[PDB]
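[1] please find the sequence and an experimentally derived structure below.
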There are 2 protein chains.
Amino acid sequence: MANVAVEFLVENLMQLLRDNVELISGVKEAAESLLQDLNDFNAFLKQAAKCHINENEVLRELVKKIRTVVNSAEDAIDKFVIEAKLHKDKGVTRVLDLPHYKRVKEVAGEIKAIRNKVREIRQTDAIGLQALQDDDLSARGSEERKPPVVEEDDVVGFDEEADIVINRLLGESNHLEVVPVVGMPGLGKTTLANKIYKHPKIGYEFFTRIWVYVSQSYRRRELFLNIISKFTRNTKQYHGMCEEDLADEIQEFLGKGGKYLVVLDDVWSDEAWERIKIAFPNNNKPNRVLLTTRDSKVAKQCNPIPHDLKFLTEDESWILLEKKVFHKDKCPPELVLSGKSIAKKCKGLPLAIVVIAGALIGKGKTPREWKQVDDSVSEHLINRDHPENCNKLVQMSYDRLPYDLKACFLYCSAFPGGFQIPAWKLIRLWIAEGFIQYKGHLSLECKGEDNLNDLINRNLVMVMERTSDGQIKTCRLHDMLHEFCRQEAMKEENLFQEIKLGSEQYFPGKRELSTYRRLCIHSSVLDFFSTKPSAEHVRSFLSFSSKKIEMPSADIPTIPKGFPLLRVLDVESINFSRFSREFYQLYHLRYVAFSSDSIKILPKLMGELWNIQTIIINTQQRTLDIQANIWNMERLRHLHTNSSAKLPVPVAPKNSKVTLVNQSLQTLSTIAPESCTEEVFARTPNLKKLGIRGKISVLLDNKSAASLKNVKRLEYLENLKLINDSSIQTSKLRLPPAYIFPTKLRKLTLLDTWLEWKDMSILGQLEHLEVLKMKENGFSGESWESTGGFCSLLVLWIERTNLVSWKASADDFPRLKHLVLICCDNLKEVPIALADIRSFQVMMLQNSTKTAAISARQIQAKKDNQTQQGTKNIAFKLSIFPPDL
Amino acid sequence: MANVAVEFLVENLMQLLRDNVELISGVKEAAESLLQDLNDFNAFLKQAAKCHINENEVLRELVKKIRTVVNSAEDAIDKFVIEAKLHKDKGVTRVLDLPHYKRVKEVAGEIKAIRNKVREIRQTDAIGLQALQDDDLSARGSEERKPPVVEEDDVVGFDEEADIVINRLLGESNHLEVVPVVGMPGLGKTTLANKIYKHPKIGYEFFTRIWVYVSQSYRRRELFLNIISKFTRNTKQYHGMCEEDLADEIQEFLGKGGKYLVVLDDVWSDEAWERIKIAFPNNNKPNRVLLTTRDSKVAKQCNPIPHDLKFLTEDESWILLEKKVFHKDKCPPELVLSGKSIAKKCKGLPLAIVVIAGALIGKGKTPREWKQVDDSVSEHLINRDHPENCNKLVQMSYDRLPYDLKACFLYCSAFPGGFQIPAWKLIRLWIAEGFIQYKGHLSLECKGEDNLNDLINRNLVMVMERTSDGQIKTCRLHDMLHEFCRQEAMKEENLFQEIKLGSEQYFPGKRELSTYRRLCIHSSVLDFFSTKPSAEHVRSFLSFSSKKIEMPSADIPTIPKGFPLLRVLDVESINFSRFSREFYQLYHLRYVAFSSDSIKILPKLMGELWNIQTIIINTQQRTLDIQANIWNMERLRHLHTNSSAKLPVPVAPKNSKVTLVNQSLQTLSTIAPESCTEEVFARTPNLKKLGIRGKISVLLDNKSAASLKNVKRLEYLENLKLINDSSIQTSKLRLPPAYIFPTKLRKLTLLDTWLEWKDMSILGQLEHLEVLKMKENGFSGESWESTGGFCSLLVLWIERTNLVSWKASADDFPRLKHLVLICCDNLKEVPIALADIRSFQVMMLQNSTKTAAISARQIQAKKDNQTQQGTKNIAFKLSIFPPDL
Ligand SMILES: O=P(O)(O)O[C@H]1[C@@H](OP(=O)(O)O)[C@@H](OP(=O)(O)O)[C@@H](OP(=O)(O)O)[C@@H](OP(=O)(O)O)[C@@H]1OP(=O)(O)O
Ligand SMILES: O=P(O)(O)O[C@H]1[C@H](OP(=O)(O)O)[C@@H](OP(=O)(O)O)[C@H](OP(=O)(O)O)[C@@H](OP(=O)(O)O)[C@H]1OP(=O)(O)O
Ligand SMILES: Nc1ncnc2c1ncn2[C@@H]1O[C@H](COP(=O)(O)OP(=O)(O)O)[C@@H](O)[C@H]1O
Ligand SMILES: Nc1ncnc2c1ncn2[C@@H]1O[C@H](COP(=O)(O)OP(=O)(O)O)[C@@H](O)[C@H]1O
């Protein structure tokens, strides 16, 4: 939508005028003029949006060229800004910088012609404003939306295929067999196969169970490395071994672990199965493979008997729609006939019905909306076999979205097919692109999380992984939605364009690449950069690859010089050895991610990019030294890192009264303990997440820095992590008293502190802490005895400890819901008093002593009797690692 | 509740341990013990609150003797803190200074005996936990509450008595006659009388109309000063007059305004009417006065025929109940029988029904709750005429309130009966008393406002005046609610104690005062301070008088020396010549208000008080100079003033890296223009309100306009005020461009800037501004022509300008709701296009030309025609203050 670009340009111009007067100084009148005209433009596009522009040709004619004239302005202003900052570097103290001030004033001549153009067009727009304001529709207020807790996890009317499949498997002893499943896209082969892979009988039967996704763009060796990973810890060794030997190693590991069930998803080409099957050892055991698909030929080839999936009958259809649109509550009677007619209109496709329930949630729950939706569906599914019917249905759902979500959905279609989207990165990309604008009081990140939850609710985006906290950790887009969104973006809106290279084709020429605004290259990238492209109007550049590619020493300069107007640059999948000066000459850079293996210092010139919001760095060295004045970069909001970062020593200005305290700074992913000082925390009042890697001892000792005591100043801090990199128990470490920590702290992580279990009382004293995660021998001992305090703790996580005896009472953990016990191969039993807590719902116990498993089964039987006893308890689910136990 | 005191002590001790380590260095061990013990008792009392406490004597014994212990600990800790801070001022560098640290360390010995007693209680209270694990009631989640828009403005079934009285009045023209009304308290005499005083016929008949609330606590001379103020512009002439001459002057002015209707409310004693009546000139006019009362005797005395009021019948009863509990929606059928049974039991009392509707909102909308409240209301209204039948019903409603709202509702009875509570001050007092504890993300002020709205919703608190923008401005409690709350506080909770000098009340001795925790003296207070009281354990002190009382030069030491442990101190009704040296040793002072007439400097000693949150200074000087280090005091949240305040020049610590940036500061009432600087605005990031009184020229001068340009830096600023004191139009003033102002600014006020009307284009560009108030010739000119831009402006307020011509179109102000036009004595036209704006609903026009009134009547006719045309328009109310216009 043109509104997005208009708003972003207005905001950036305002920020540049307020903040940096000197750069814009030669053209201030033109800046203010463009500001007024863009405000008026935005109002006009809103008024046009109120109407159905597609209904009138004149309205559609009017919108065109609103966007091009706006685009011409953005270009001229940005070129001017970069030119004048280069002038500042020139340091021409001449009063009249006649040489090359006439170049920045050539850009200003373009600016002036552009201001003249914008003054025009605005006069024509004033014509037809009154006529447009005569008409309006959908005059209503805005309501709230609510978080997407799990709902309808049960699968309507699909027990039949589940039981048939679970029956078929385990037929012939000592045979490696494959179970094909087919059925048109959106039917639910993955959903049913998930229900199988999570049915109790399957987990009872086979010990090893691997979930594997194999699309068309799948890679064989990438898959083998990960499957070997399922068994062992490190794959960096097998980065240097052949696929065949890798196939052999997977075979040995998989054969060792008794039986095995392996799931490969959405296969496309029979040769794909032919190649992948090698790793599986046919060692004369009843091991079952479960592949699903869409094409019939491959299913038939891999086994002469494919099990075809089934459509949902009319009743299943209506019940499913009722569930999705009305969630737990039951439908009010008046809409029943409408909903049943729509369900019948669907023909029993779970995908069409699901998206339609999303559209109904979007419209409302009033009879007029239901009748209109019924009429529209009765029109857009006249055929069955044509997939574009699903596209028409999704378009109908899509039309009702707010334009802000319209931008986010398309931009979520940017990622490659089959790629699992990291939610935090997706939110930060949305922020840096300008799709989320200040409205209200929520922090930008919270608004982004709410937007993602909204998109999940109407069933456009399917969630894949969730956190311990219950939040979302990784999402993606179903194939049909990906195709519809990609076509809509690359064709209509020109949001972005992709450059995947088919056989016997060439990367476009400079004239074509001239008309792009964003690039995505998810295929051979070094090949596009060996050509030395040049497109002055590329603002973003995305490359979400699978492997890590090295960048040749003679090829580093190409990105900075080819695209001198970047804003977003995510090349996390490309490893750099260094950087060139043109890099530090990129002055519009907002988002910047990159990897590296020999980087140790963040050069100081990097602090001259005065618009950076986000920074993400990967480095193999333990210590990363930062020399750029991050206290100078006003708008910095995040600084991620995987090594231990050594922040610079802060100094306030001497001749300037102004103090350097960043109000908008929310993260310091991993800083060294040496910098956990009073001043570092004086400068970050609003900090919400902090991490410290290094030798946690320096913190805990009270000589060098009362560092844990320094932590008291961060009032809003809500997440902390203590990572120790020393591998030597030089002394014993002691946590300070529980009045030093912040009050809202909600999630803590320890790793190799090696603390004594008596200190757990201090943590019990904390009030709001909701998740405790101690990994890799965080607390050392053999005797912990609960002493109360964990009033609100919701998830407990213990991994790689030598604890033996634990003792508690049902009043120690009143709100427990989740309990994680990993790699505790020296614990004996879990206290049974944990079976008394009502909310205790999920437990898991990995690589643990079998006596603990027997006690856990006792606890499960206890809670089963409780729920049987008429209490309104939440259902009980257990998990014990041993297949036998 | 004991919970609130427990929590406040815990929080204060935590803050003391964190920030001031040295003060509590000698006792930190007892301090930490006590801190853990107080957390344990907080949890204990929560569990006790789960099980019913009112009904059980064992519980009401157990809870006692914990409060005594916490109070003893509080007193010991506070005495320790004061003596140790005096030790800091002593500056004894001796390693071992026994004198006055032996007595301080034996104050720590008292602390140690108290910690021992707390340990004993800890051991004892653990006994008796077994029963608490058994019992728990009202286990449920918390939902949201919504802001109080007007509900049931219309009065159910009262129209008939309004008819009788409106018909009754005006019968014998040319006579001064009083109209009494009688009907038991809580029946609605003032509701009906307000309905009359706002009936169109009344305003049409009489020109002048006055509202004057009266009560037993009335004061005549104040009444007249108020009665004459309503007519006059300057009260200076009448201030030094005699009460009889006050009567004379009110007589003359009341005669000037032709006829008149005067309303006097809740007259108690005939002597009152006899003493008041002289001021009314019985000038042989058809003038009317309206009295209402709860007593028959005085009503008979005033006139031999009082019109006794009626009770609501059953239908009106149930109608009122459904209205109050369901607002604009209709009751679900199942609850109809219950609601009607309750309404019938209520006998027809509007107050009983209103309170029961409030209780029903509080509980829920489910049949079990309705049956419960029904079976309880049948139980508590056995008698009829008697008042206590009402008190019991309030008890039923009040029982369900959260323990947080119970404290605030009780604390609202501190104010003397018949006092209109200033809402902002009330919220600030609640904050300083610790009643509102940080919960969530809302600012403390927002949480307080929400709490007040909640209290209003249940119909416990009656609103009196609202602001321009629709918010609350002052409130009060109905008499019976005040009596119930007063007894409940003074007797059961010992929340506070009043000392009302009756004809036979005489000031308690030192022993009795040894037991109070808070005082309220709303009577002669100089008389109480002539006695030189002494009570170490008084924490608050409140005196909300109506007059201003000057403090004798010999009694300024009495407040500090008598009460050396003060926390809150509101004596805004007592003028101070100066402050004695003990004021600067009230180190616990959080809230401090006072007045003055000769103060010009806040001496630097004031900055030594490290806990001050709020400061209110009401000085008659034109300029107030501040020398206390505002940047040193860390918890400062507000600073209110009358004179152009001249803040000190900021300085950073030379030898310390610390930066003096207050995150909590949120107000500066009237700063001097000279101090507005980037140095100051750098220190106050979250500032939300700013005011600048002085010579606005320095600001608005484009050459020195760097001032408002500095104002550009406050991101969250939401309210700004420009007040000019100079009476000389020395030059013409121009607003800087609209990209300098913050983006969220919602309300602007100008006063004597004398700006050209062409500049209103700048203010049009601002997007979110919702209320514009220009007073006392803000914008000067004779020709303003609207140029669009006021996208979201809701109220327009023009006062005392020589504008003559105004031109606009219905697209100029799309969202206007209320238009205020006062003292515009030279306007000739009100563009008719304002009648095409649907949002426009209330209009006003005061001291304006007749042609404007004609145009306004045409506008009302137009909107009436529109609403007649089937459009869903919000009903239109027009008002011209002088009816003959
Ligand atoms: O807050 P309000 O209830 O709306 O009172 C406002 C205003 O207050 P704000 O602009 O800060 O909101 C002023 O009250 P104070 O700020 O001084 O406390 C005062 O006008 P001045 O700026 O000239 O002081 C005037 O109240 P009053 O009529 O008692 O003088 C006015 O009243 P409104 O409520 O009608 O806006
Ligand atoms: O499950 P989560 O709720 O995501 O919690 C953590 C955490 O994530 P958050 O701090 O954002 O909540 C870590 O995030 P990052 O370190 O990448 O910033 C991540 O990595 P760490 O191991 O270093 O904590 C870790 O993932 P994992 O432990 O698997 O590596 C993950 O916990 P999960 O195990 O559930 O992913
Ligand atoms: N039996 C079912 N009941 C309700 N919804 C279903 C069912 N089966 C699939 N879905 C819906 O279909 C989507 C899952 O996609 P899916 O059909 O498994 O992809 P494919 O079948 O193409 O591999 C989800 O939105 C899910 O809610
Ligand atoms: N029909 C009604 N008559 C009188 N009061 C009503 C009615 N409906 C609601 N109320 C509410 O009852 C409250 C108490 O009445 P009020 O007029 O204060 O008592 P009184 O006039 O007897 O002192 C008022 O705030 C009013 O809003």
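    Nice, thanks for sending it over. Numbering: from 1, shown residues only, chains lettered A, B, ... in the order given. Ligands and ions are numbered 1, 2, ... in the order given.
[2] and residue A:465, helix, strand or coil?
    strand (DSSP: H, G, I helix; E, B strand; the rest coil).
[3] gap between it and residue A:772?
    To residue A:772, residue A:465 is 21 Å away according to C-beta to C-beta, to the nearest Å. All C-beta spots, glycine's among them, are computed from the backbone N, C-alpha and C.
[4] okay, those two: which has more neighbours?
    The neighbour count for residue A:465 versus residue A:772, taken as other C-beta atoms under 10 Å in any protein chain shown, is higher for residue A:772 (22 against 12).
[5] tell me if the host helix or strand of the more buried one is near ligand 2.
    Taking DSSP states H and E as the definition, residue A:772 sits inside strand A:771-775. No: judged by C-beta under 6 Å from any ligand atom, strand A:771-775 stays clear of ligand 2, getting no closer than 7.3 Å.
[6] helices or strands up against the helix or strand that comes right after that strand?
    Sequence-wise, the next helix or strand downstream of strand A:771-775 (DSSP H and E) is strand A:779-780. With contacts taken as 3 or more C-beta pairs under 8 Å, 6 or more residues apart in numbering or on different chains; DSSP states H and E, strand A:779-780 sits against strand A:755-756.
[7] the strand it packs on pairs with which strands, parallel or anti?
    Here strand A:755-756 has these sheet partners by DSSP bridges: strand A:779-780 (parallel).
[8] what does the partner strand rub up against?
    A:750, A:753-757, A:759-760, A:801-803 (C-beta atoms under 8 Å, 6 or more residues apart in numbering or on different chains).
[9] those, buried ones only, as a ChimeraX selection?
    Entered in ChimeraX, the line below selects the buried ones among those, by 16 or more other C-beta atoms under 10 Å in any protein chain shown:
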select /A:750,753,754,755,757,759,760,801,803
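[10] roughly how far does the residue nearest the centre of chain A sit from residue A:445?
    Taking C-alpha atoms, centre = their mean as the criterion, residue A:423 is the residue nearest the geometric centre of chain A, at 1.5 Å. Residue A:423 sits at a distance of 11 Å from residue A:445 (criterion: C-beta to C-beta).
[11] and stretch A:841-851, anywhere near ligand 2?
    No: Stretch A:841-851 is not in contact with ligand 2 by C-beta under 6 Å from any ligand atom; minimum separation 12.3 Å.
[12] re earlier: once you drop chain neighbours, what's closest to the residue nearest to the centre of chain A?
    residue A:472 (5.3 Å; C-beta to C-beta, 6 or more residues apart in numbering or on different chains).
[13] need phi/psi at the one you found.
    Backbone torsions for residue A:472, taken as degrees, to the nearest 10, come to phi -90, psi 140.
[14] tell me the spacing between it and chain B.
    As judged by C-beta to the nearest C-beta, to the nearest Å, residue A:472 and chain B stand 21 Å apart.
[15] mind listing what that residue touches?
    With C-beta under 8 Å, 6+ apart, residue A:472 has these contacts: A:423, A:449, A:452-453, A:456, A:463, A:465-466.
[16] can you check the distance spanned by stretch A:292-308, start to finish?
    10 Å (C-alpha to C-alpha, to the nearest Å).
[17] the residue in the stretch 51-200 of chain A that ligand 1 sits nearest to: neighbour count?
    Using C-beta to the nearest ligand atom, the single residue of the stretch 51-200 of chain A nearest to ligand 1 is residue A:141, 25.6 Å away. Using other C-beta under 10 Å, residue A:141 has 4 neighbouring residues.
[18] what about it, distance to residue A:191?
    To residue A:191, residue A:141 is 37 Å away according to C-beta to C-beta.
[19] residue A:214 now?
    Here the criterion is C-beta to C-beta. By it, residue A:214 lies 17 Å from residue A:191.
[20] between those two, who's got more neighbours?
    Taking other C-beta under 10 Å, residue A:214 and residue A:191 do not tie; residue A:214 has more neighbours (22 against 14).
[21] was I right about residue A:317 contacting residue A:345?
    No: here residue A:317 does not reach residue A:345: they are 9.4 Å apart, not a contact under C-beta atoms under 8 Å.
[22] quick one: which of these two has more around it?
    Neighbours were counted for residue A:317 and for residue A:345 using other C-beta under 10 Å; residue A:317 has more, 26 against 21.
[23] and for the closest residue to that one other than its chain neighbours, the neighbour number?
    Closest residue in space to residue A:317, ignoring its immediate chain neighbours: residue A:343 at 4.0 Å, by C-beta to C-beta, 6+ apart. Residue A:343: 25 surrounding residues under other C-beta under 10 Å.
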